[PDB]
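Sequence lines, in order, name chains C and A. Going by PDB author numbering, the first sequence wraps up at 339, each residue one higher than the last. Going by PDB author numbering, the second sequence wraps up at 339, each residue one higher than the last. We put the beta carbon where it would ideally sit given N, CA and C, even for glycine. Shown next, in structure tokens, is the structure this report addresses.
2 protein chains.
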Amino acid sequence: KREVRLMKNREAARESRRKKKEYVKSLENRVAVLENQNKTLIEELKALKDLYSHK
Amino acid sequence: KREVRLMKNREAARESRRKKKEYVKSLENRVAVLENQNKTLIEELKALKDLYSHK
DNA sequence: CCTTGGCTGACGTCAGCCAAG
DNA sequence: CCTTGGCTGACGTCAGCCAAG
Ligand SMILES: [Mg+2]
């Protein structure tokens, strides 16, 4: 029926919600991780900076 | 009254749906901002190590 | 060159929670 | 402590889109 299309679309949306959820999580990770990198790198670049032309 | 609230409520849900929005945007952004500073430091690194100790 | 249907924004409503009155 | 406001999540509906025949 119209009643069937309704159900599917119900369910759909549900799934469809999980997703966004997930993709935002993931994003929320990444950044963390990127945040990691980026900081460590800067600590790296520091120390090398730390022993120049030799000391 | 029952209505009045609904109405108020409905406008909250709007504003909020919007804070989310942006939020995912924000993320999406720094994700790349990060992504960026990130290559760069590495190159910057890539530089100085091999230009370290003398060559 | 059309029909479909899946997918997904956006809405408004119902719940519960957590300040702040 | 109330209780009562606001905010937020999860939910169903509805509308429009673009692939896949
Ligand atoms: Mg949303």
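Chain C residues whose Cβ lies nearer than 8 Å to that of residue i
i, result
"residue 322/A", "318, 321, 322 and 325"
"residue 333/A", "332"
Within chain A, the residues that residue i reaches when beta carbons sit closer than 7 Å
i, result
"residue 312/C", "311"
"residue 328/C", "329"
Delimiting residues of the alpha helix (DSSP H) encompassing residue i
i, result
"residue 330/A", "286-333"
(message) So, does the segment 285-304 of chain A touch the segment 288-300 of chain C, judging by three or more C-beta pairs under 8 Å?
(response) Contact between the segment 285-304 of chain A and the segment 288-300 of chain C is absent, with fewer than three C-beta pairs closer than 8 Å.
(request) Using a Cβ-Cβ cut-off of less than 9 Å, give me the residues of the segment 286-313 of chain C that come near chain A, in sequence order. (result) Of all residues in the segment 286-313 of chain C, 304, 307, 308, 311 and 312 have a Cβ within less than 9 Å of some Cβ in chain A.
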